[PDB]
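A.B. asks: Here is the sequence, then the experimental structure:
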Amino acid sequence: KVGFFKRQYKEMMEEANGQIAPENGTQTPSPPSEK
């Protein structure tokens, strides 16, 4: 159980992050270098 989340977790995160709203990119799991 790892190769599923890689495409499932990212899909569930982008859909709830604002897949249709401007939120997409505001709460995104940015890297430590930027966060």
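C.D. replies: Now that the structure is in, tell me what you want to look at. Residues are numbered from 1 along each chain as shown.
A.B. asks: Residue 32: neighbour count?
C.D. replies: 5 (other Cβ atoms under 10 Å). In short, each C-beta sits where N, CA and C put it, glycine included.
A.B. asks: I meant residue 24, not that one.
C.D. replies: For residue 24, the count of nearby residues is 15 (other Cβ under 10 Å).
A.B. asks: OK, contacts around it?
C.D. replies: Contacts for residue 24 (Cβ atoms under 8 Å, 6 or more residues apart in numbering) come out as 14, 17, 18.
A.B. asks: Which residue, other than its chain neighbours, is closest to the first one?
C.D. replies: When you say that, I think you mean residue 14. Closest residue to residue 14 apart from its sequence neighbours, by Cβ to Cβ, 6 or more residues apart in numbering: residue 24 at 6.6 Å.
A.B. asks: Mind telling me what element that neighbour is part of?
C.D. replies: Residue 24 is part of no helix or strand when elements are defined by DSSP states H and E.
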